[PDB]
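Below is one structure, written out as structure tokens; comments come after it.
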Amino acid sequence: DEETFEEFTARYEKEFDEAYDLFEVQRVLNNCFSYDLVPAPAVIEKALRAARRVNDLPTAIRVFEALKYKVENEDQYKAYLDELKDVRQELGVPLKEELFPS
Amino acid sequence: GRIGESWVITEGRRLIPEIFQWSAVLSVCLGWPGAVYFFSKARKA
Amino acid sequence: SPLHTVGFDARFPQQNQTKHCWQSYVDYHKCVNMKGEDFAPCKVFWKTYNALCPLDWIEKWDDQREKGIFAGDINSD
Amino acid sequence: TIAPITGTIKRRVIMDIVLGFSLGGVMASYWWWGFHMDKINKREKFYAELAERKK
Amino acid sequence: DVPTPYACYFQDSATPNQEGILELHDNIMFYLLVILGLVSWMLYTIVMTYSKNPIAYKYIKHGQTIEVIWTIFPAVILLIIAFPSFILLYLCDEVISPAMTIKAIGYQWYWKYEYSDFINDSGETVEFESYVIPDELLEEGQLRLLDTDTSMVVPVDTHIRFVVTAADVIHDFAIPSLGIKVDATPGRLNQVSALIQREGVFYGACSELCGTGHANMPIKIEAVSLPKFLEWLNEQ
Amino acid sequence: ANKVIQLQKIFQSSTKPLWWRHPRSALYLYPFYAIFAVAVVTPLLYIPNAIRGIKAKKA
Amino acid sequence: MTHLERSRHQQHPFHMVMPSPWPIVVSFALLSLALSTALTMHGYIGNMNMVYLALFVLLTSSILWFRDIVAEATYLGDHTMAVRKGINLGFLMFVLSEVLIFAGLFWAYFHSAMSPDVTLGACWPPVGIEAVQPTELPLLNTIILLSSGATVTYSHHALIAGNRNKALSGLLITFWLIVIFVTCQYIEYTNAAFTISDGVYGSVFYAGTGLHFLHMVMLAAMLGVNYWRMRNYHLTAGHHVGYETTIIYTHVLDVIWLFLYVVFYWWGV
Amino acid sequence: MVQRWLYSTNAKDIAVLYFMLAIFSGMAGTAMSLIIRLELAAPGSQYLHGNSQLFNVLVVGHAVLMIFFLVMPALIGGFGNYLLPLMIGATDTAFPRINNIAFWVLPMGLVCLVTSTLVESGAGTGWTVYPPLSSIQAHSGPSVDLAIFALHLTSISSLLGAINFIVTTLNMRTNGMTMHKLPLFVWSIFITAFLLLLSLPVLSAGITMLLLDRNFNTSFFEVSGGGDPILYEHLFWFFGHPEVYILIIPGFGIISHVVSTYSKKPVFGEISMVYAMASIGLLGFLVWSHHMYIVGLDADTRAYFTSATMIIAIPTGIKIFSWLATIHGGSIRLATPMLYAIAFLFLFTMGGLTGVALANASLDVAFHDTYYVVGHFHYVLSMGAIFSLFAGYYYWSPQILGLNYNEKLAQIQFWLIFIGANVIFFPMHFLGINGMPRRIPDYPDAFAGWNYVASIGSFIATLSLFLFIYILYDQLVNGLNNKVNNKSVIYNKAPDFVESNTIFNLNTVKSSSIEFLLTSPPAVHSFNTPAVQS
Amino acid sequence: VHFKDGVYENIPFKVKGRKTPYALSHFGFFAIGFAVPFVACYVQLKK
Ligand code: HEA
Ligand code: HEA
Ligand SMILES: [Cu+2]
């Protein structure tokens, strides 16, 4: 409802900037997924960087599953494909190719 | 870039089973009195 | 009734007619109880009390007049 | 990477409500078609039985 | 008439008042049915869709569009379902020359119908009881628990006034077939304009408790032609 | 007055029930209820004991 | 030490009340009274003395609770501003329920304004039914009651201001006026207006007047209780839980009496 | 046990007594209504050989116990005195002797009804006490007087409970809570307190004058003197219409609470819903004579009353849309209180819309005092009292007592009682639409199969109640063994699907009600320092 | 009133004691509940 994405986005990166442990990361991630606002690739990269800082790969698994299935978005795929591949090959967090064939 | 939907495809393929199931549920909930009426000797049958 | 007595009714615009029989009976009992010769002044609402009004009220009012304690508020004549 | 988001806030409930209203209306019409047919048949029978005895 | 077994609708209409009442009732039922179907399908689709919802949309509180939509819709819905009610009340409640007037008093577990509009031999007031035939003393072929030894008659294609009252306990003049249902106050009277256009026998019972022996309680109505009514009047 | 403070101090020192105000009245009223109400409610069901049992069965 | 006890007894205006038998005994008294009245008015025994004693002991229990509700406010104390406001609002809602009772009694006969009904009444004024009307007969008492209320409302204001010899004069005047009121009520014991045989128009007025004769008895009993309460001199011009109740009662009863006197006396006559 | 239980002065120790009285009364009333339905399965004296006065007295007892003796102590008293002071944070409610005297004034009502049914006179005038049928002219004996005293004591207890609720809410509410953030259930009970306060005195006075007429050889409303019972029936309807709102509004509050907590999302405009309940409570007084269209009053009065009814219907629909928005767009866990809430929002809504259709001024000619009106109010009574009580029990029982319940047993119980209630109450509308009378032990031979299906549904419902009391037994006897194993759910709040379960150890039970954040039930005078909200 | 742990004191029951294994009391609850309907039916008529 005529709400700017930039303000809440910048709030998200600023919150992830001081990620001392996983609690604030988790709460901010839950808040971001609470809205209908589909997260941008930039905030997803920031979240993965914070998860790397706090060293919890399962949190990365959870967020990747959430991005795979959060809202229908008219069943968009290639957007999901690019938004996953850029952050997979930016630094390397191999997790998706294991839980699926198990 | 409007990938896939085209709302109509998934919209129909998802609601049609649901509306059919709900119609069947209502049909059963209205035919159980009809089942009782049929089973009872309403017409000495 | 031979399917035709008055036709259209427009005496009282509102639907409810609880307070209708008093006015339509006081005049009838008046015109009966002064002259008794010609009923022309009250010759137009014969059915307003015979069939259009509960005859139980009519019979109770007649019995009250016989006993002298009328339901309505009228004079002694 | 589609920039336009937040458009899913309201149209889901709007389409759900309008489709529910349409389904209710068409279902009620389907039920009431037979009821109205029976009512008209009964009315026609009433007129026939009232008019046939006088003449 | 007789309550049809396994019925799920109204009984057979007998008067234009009843057919108008049924028309209003089904007109109201149409909108009520669409509303209940809407809400039921809403509930069903919610419980079917969001039962598997992983993340809750917990930051939605305003919804102005739906708010105004379902704030303005109920008003017009109520207006469009109330207008036929008012027009039917105006049509039926009209005092269009009631032609017949008889007493209907609710006594103690019995009724004493008095016919004072008409006479029997010369000026006399016709009056008779209506006692329910006991179940043990029932004659073969009768209706159980309700049939009476003698009932009241009524002309067809006329207008009838039912003067309803009681003696000691409040009763009810409830006749669903004829579309008349007026309480029987012990001391206060009321006038209801009942007009009959179709022949037949219409049943009915007092829809108000009369103490204990209220299960064996007769109100039977028989509609007759003008020659039939005259012959009955001469016989009575 | 001249007894309020002392009585309050005594009550605080001796935290006992009955509030010390009306012990004789309480001892007079306690047995009266048991003597009266029980003995007046017992007939209410004792007398209709022979009256009870009206089956009024009919066939 | 002070902080912990202040926190543990500050928001707790409720005492550690002993296993008080008041609810069970009052319930037992009411049940005994109810069954006794039911058995006596129509039953097997027509005894009257012992049911009178049961009513007497029920009234004594009620009086005991009523005197405790004001004794524990001073002797026990342990009250704050919040609980005082709670008691005041409770008394306001009791007098509001009494106002609703009076409103129902008034509506029992006040809805017949323009005669909307047809038979069995529906005639304002009821011409023809002219018995000894209870209207304008006790107005000689109503006017002096209004005068007494007007002259004692400000006396009780001065009471709550100072609680001094002027308060004593006010309370003795109140005793005198309530004694006069109960005397003139008891003088019209049997033959006040008429008895209920037929034509119930003033009998409803008589019953409505009679059923409110217990509020004045309760007020007089409370006034005597407060008189003894001040005679003990424990209740100073402090937690006057009875003085506020009596001033609000005398400030509402005059208003409701004037509301009664507005109609039913010069309306329809 | 006499030293602390029979002589209690604690809301904590009296709420459980309220609950025990409520469940005992409910089970006894269900067995007695079982008898009523069983003797009505077929026409004739299948089980009641004559004595229709006995059937009438059975009906009066059923209705009275369902209305004033079962549900009033449960959600008004039992739930109020264990939730409102707990949510406030105050140590104890103001002057608990009010609560104690309100509780202890009930049982002699039960004994007076049982002894009145025992005697040959009986009270067979219906739950309504319309004169002169309840006077000495028709019904003699002390039964009428006993019923009058029972209703008087119930009214006094309800008034005392409202007194306690009002004083606790207004005088010693916690600093953190304010007017603009007060929760829903306490607003519901406060509005119910207003309605009860403004409704009790009219019944008290009118029934007092009826008793005086029966005793003083007089008659204010009976014809013997010139009175008219229509005035008393206006007064009785003026009392009765707010009563259904009194019994339905705390149900609205608890249902709002459970749906708000089970949707994992906050409320949908709490200001709008509290305005809705306030409007319902204020508008409940404009239809004082809407239940009495049968006399034949002026058409303008009937039009005004039907306009008032259609105005009253609007806030209920808005509040229903509010629950629907609350459940929309939120995570759903199919736990049993949610099943009760869904059954409510379906069947209560259907019953209310049927009543709205019935609310027409001229439509009482075919439905009033028939089986249609009983099919109407049985719907709402079952939804807002029976199912609401079941939801509240299964929603606070694991913490208010620390004892859990078998989830499988709860699910099968809900299914059984739901299908039983549906199959019982649905055919009653088909009986009513025909025009059958009410309050008759024997009926014509037209709708026998519907009576038979109602009887079998009643047997299903009573078997469900037997299973429910067995569930109560099992919870009271095997709670410790059920907690350790997987027989029941120990966390009504599954963690969000973004968070690990190890962090969840500190996030066990988090909602918008303080008593859930409390540990196992502490001593009665808990809450040493009142809670503060920043 | 502060001498109770907060486990089973909230109900007038007692696990300890061989007089009633919560079965005599539960049967008695059934008995007192089913009293009024059956006695009401029996006092003026048959079950
Ligand atoms: C609480 C409200 C309540 C409940 C639960 C019921 C339960 C039932 N009622 Fe009744 N009834 C009334 C309120 C209620 N009723 C009222 C007010 C009247 C007015 C009298 C009149 O109209 O003159 C009435 C009258 C009435 C009549 C009128 C009889 C006649 O015409 O004279 C009939 C029969 O048709 C009937 C049937 C039933 C049936 C089959 C059930 C069955 O559902 C019984 C099975 C029980 C349930 C399925 C619910 C479980 C109940 C509980 C108590 C659960 C216990 C646990 C908790 C409470 C936590 N009821
Ligand atoms: C739980 C108790 C309860 C509740 C909640 C209700 C709620 C309602 N009741 Fe009922 N009622 C009774 C208990 C109850 N009632 C009892 C005991 C009787 C006496 C029977 C007897 O005498 O034997 C009775 C009788 C009764 C009568 C007279 C029938 C009679 O007894 O002869 C009428 C009709 O005027 C009526 C109407 C309503 C309406 C309109 C509501 C509504 O408030 C319902 C609220 C819910 C809705 C209205 C749903 C919201 C609707 C929408 C989704 C919007 C759609 C409509 C618009 C466009 C606004 N009730
Ligand atoms: Cu109402």
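Chain labels A, B, ... are given in the sequence in which chains occur in the structure tokens; within each chain residues are numbered consecutively from 1, and ligands are likewise numbered from 1 in the order shown.
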Inset, instruction - Fewer than 5 positions away in the same chain doesn't count, so skip those; otherwise give me all residues within 9 Å of residue 13 of chain D, counting only C-alpha atoms, as JSON, numbers by chain. - result: {"D": [18], "E": [66], "H": [328]}
Inset, instruction - Could you please extract the residues within 6 Å of ligand 2, counting only C-alpha atoms and all ligand atoms, and hand them back as a VMD selection string? - result: (chain E and resid 74 77 to 78) or (chain H and resid 244 to 245 248 291 313 to 314 316 to 317 349 352 to 353 355 to 356 358 to 359 368 to 369 373 to 374 377 380 to 381 384)
Output of the above residues as a short mmCIF file (atom, residue, chain, number, x, y, z; two decimals), in the first residue's frame, restricted to N, CA and C atoms:
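For reference, selection.cif as written:
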```cif
data_model
loop_
_atom_site.label_atom_id
_atom_site.label_comp_id
_atom_site.auth_asym_id
_atom_site.auth_seq_id
_atom_site.Cartn_x
_atom_site.Cartn_y
_atom_site.Cartn_z
N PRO E 74 -23.72 -4.56 3.04
CA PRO E 74 -24.83 -5.01 3.90
C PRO E 74 -25.98 -4.03 3.97
N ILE E 77 -28.03 -4.56 0.87
CA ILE E 77 -28.61 -5.90 0.96
C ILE E 77 -29.82 -5.89 1.90
N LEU E 78 -29.67 -5.26 3.07
CA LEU E 78 -30.77 -5.19 4.02
C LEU E 78 -31.93 -4.39 3.46
N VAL H 244 -29.37 -13.30 25.98
CA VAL H 244 -28.66 -14.08 24.97
C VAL H 244 -27.35 -13.39 24.60
N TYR H 245 -27.35 -12.06 24.53
CA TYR H 245 -26.10 -11.34 24.34
C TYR H 245 -25.18 -11.53 25.54
N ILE H 248 -23.57 -14.76 25.02
CA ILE H 248 -22.86 -14.94 23.75
C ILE H 248 -21.63 -14.05 23.63
N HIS H 291 -39.93 -9.32 20.09
CA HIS H 291 -40.29 -10.73 20.21
C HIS H 291 -41.79 -10.96 20.31
N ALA H 313 -28.25 -6.47 13.32
CA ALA H 313 -27.58 -7.53 12.57
C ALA H 313 -26.25 -7.08 11.98
N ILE H 314 -26.10 -5.79 11.70
CA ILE H 314 -24.90 -5.31 10.99
C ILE H 314 -23.62 -5.53 11.79
N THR H 316 -22.80 -7.71 13.97
CA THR H 316 -22.44 -9.13 14.00
C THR H 316 -21.77 -9.54 12.69
N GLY H 317 -22.30 -9.08 11.56
CA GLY H 317 -21.67 -9.38 10.28
C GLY H 317 -20.30 -8.75 10.15
N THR H 349 -23.11 -18.67 12.57
CA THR H 349 -23.43 -17.71 11.51
C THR H 349 -24.68 -18.13 10.74
N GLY H 352 -27.65 -17.45 12.98
CA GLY H 352 -27.91 -16.03 13.09
C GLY H 352 -28.53 -15.45 11.84
N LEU H 353 -28.09 -15.91 10.67
CA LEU H 353 -28.70 -15.41 9.44
C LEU H 353 -30.12 -15.94 9.27
N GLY H 355 -32.09 -16.46 11.82
CA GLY H 355 -32.83 -15.59 12.72
C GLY H 355 -33.06 -14.21 12.13
N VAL H 356 -32.07 -13.68 11.41
CA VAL H 356 -32.23 -12.40 10.73
C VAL H 356 -33.36 -12.48 9.71
N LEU H 358 -35.83 -14.52 10.01
CA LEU H 358 -37.01 -14.61 10.86
C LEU H 358 -37.36 -13.27 11.51
N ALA H 359 -36.41 -12.34 11.59
CA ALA H 359 -36.62 -11.08 12.30
C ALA H 359 -37.63 -10.17 11.61
N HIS H 368 -43.22 -18.33 14.65
CA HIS H 368 -43.19 -18.03 16.07
C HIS H 368 -43.80 -19.16 16.89
N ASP H 369 -43.14 -19.48 18.01
CA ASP H 369 -43.63 -20.50 18.95
C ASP H 369 -43.80 -21.86 18.28
N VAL H 373 -38.27 -21.75 15.78
CA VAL H 373 -37.57 -20.89 16.74
C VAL H 373 -36.67 -21.72 17.65
N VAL H 374 -37.07 -22.95 17.98
CA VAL H 374 -36.19 -23.79 18.80
C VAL H 374 -34.99 -24.25 17.99
N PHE H 377 -32.67 -21.09 18.17
CA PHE H 377 -31.87 -20.76 19.34
C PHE H 377 -31.01 -21.93 19.80
N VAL H 380 -27.51 -21.36 18.21
CA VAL H 380 -26.64 -20.36 18.83
C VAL H 380 -26.27 -20.76 20.25
N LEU H 381 -27.18 -21.39 20.98
CA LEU H 381 -26.85 -21.85 22.33
C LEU H 381 -25.76 -22.91 22.30
N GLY H 384 -22.30 -20.90 20.95
CA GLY H 384 -21.70 -19.93 21.85
C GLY H 384 -21.54 -20.36 23.29
#
```
Inset, instruction - Output the contact residues of chain C with respect to chain H at a cut-off of 8 Å, based on only C-alpha atoms, as an MDAnalysis selection string. - result: chainID C and resid 14:18
Inset, instruction - Give as an MDAnalysis selection string the residues surrounding ligand 1 up to a distance of 7 Å, considering only C-alpha atoms and all ligand atoms. - result: chainID H and resid 22:23 26:27 29:30 33:34 37 56 59:60 62:64 66:67 70:71 126:127 374 378 381:382 385:386 389:390 417 420:421 424 438:440 454 458 461:462 465
Inset, instruction - Could you give me the residues within 12 Å of ligand 3, counting only C-alpha atoms and all ligand atoms, as a ChimeraX atom specification? - result: /H:234,236-245,283-293,305-306,308-310,312-313,352,355-356,358-360,373,376-377
Using the selection just defined, write its residues with C-alpha atoms as a JSON list (two decimals), in the first residue's frame.
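Written file, selection_7.json:
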```
[["chain", "number", "residue", "atom", "x", "y", "z"],
["H", 234, "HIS", "CA", -43.02, -6.79, 27.53],
["H", 236, "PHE", "CA", -39.96, -10.24, 30.50],
["H", 237, "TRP", "CA", -38.85, -9.85, 26.88],
["H", 238, "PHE", "CA", -37.01, -6.65, 27.87],
["H", 239, "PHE", "CA", -35.05, -8.76, 30.33],
["H", 240, "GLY", "CA", -34.70, -11.81, 28.10],
["H", 241, "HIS", "CA", -33.33, -10.27, 24.92],
["H", 242, "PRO", "CA", -30.14, -8.93, 26.60],
["H", 243, "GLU", "CA", -29.68, -12.36, 28.22],
["H", 244, "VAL", "CA", -28.66, -14.08, 24.97],
["H", 245, "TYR", "CA", -26.10, -11.34, 24.34],
["H", 283, "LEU", "CA", -28.54, -1.48, 20.66],
["H", 284, "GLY", "CA", -29.78, -4.56, 22.53],
["H", 285, "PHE", "CA", -32.31, -2.32, 24.31],
["H", 286, "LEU", "CA", -34.09, -1.03, 21.18],
["H", 287, "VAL", "CA", -35.96, -4.29, 20.46],
["H", 288, "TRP", "CA", -37.66, -4.73, 23.84],
["H", 289, "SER", "CA", -40.93, -5.73, 22.13],
["H", 290, "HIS", "CA", -39.58, -7.21, 18.89],
["H", 291, "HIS", "CA", -40.29, -10.73, 20.21],
["H", 292, "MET", "CA", -44.03, -10.00, 20.57],
["H", 293, "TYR", "CA", -45.22, -9.32, 17.03],
["H", 305, "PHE", "CA", -38.67, -2.89, 15.52],
["H", 306, "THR", "CA", -37.68, -4.68, 12.31],
["H", 308, "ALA", "CA", -33.84, -2.00, 14.83],
["H", 309, "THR", "CA", -33.28, -5.73, 14.27],
["H", 310, "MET", "CA", -31.70, -5.20, 10.85],
["H", 312, "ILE", "CA", -28.47, -4.89, 15.16],
["H", 313, "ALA", "CA", -27.58, -7.53, 12.57],
["H", 352, "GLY", "CA", -27.91, -16.03, 13.09],
["H", 355, "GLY", "CA", -32.83, -15.59, 12.72],
["H", 356, "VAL", "CA", -32.23, -12.40, 10.73],
["H", 358, "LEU", "CA", -37.01, -14.61, 10.86],
["H", 359, "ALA", "CA", -36.62, -11.08, 12.30],
["H", 360, "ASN", "CA", -39.20, -9.85, 9.79],
["H", 373, "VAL", "CA", -37.57, -20.89, 16.74],
["H", 376, "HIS", "CA", -32.91, -21.21, 15.74],
["H", 377, "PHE", "CA", -31.87, -20.76, 19.34]]
```
Fewer than 3 positions away in the same chain doesn't count, so skip those; otherwise give me all residues within 7 Å of segment 7-10 of chain I, counting only C-alpha atoms, as a PDB file with N, CA and C atoms, in the first residue's frame.
```pdb
ATOM      1  N   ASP H  13      -9.467 -20.485  44.051  1.00  0.00           N
ATOM      2  CA  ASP H  13     -10.058 -21.710  44.574  1.00  0.00           C
ATOM      3  C   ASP H  13     -11.558 -21.789  44.324  1.00  0.00           C
ATOM      4  N   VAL H  16     -12.565 -23.139  40.182  1.00  0.00           N
ATOM      5  CA  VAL H  16     -12.688 -24.579  39.991  1.00  0.00           C
ATOM      6  C   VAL H  16     -14.010 -25.092  40.549  1.00  0.00           C
TER       7      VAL H  16
ATOM      8  N   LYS I   4       0.268 -24.333  49.770  1.00  0.00           N
ATOM      9  CA  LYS I   4      -0.100 -25.298  48.745  1.00  0.00           C
ATOM     10  C   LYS I   4       0.852 -25.174  47.562  1.00  0.00           C
TER      11      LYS I   4
END
```
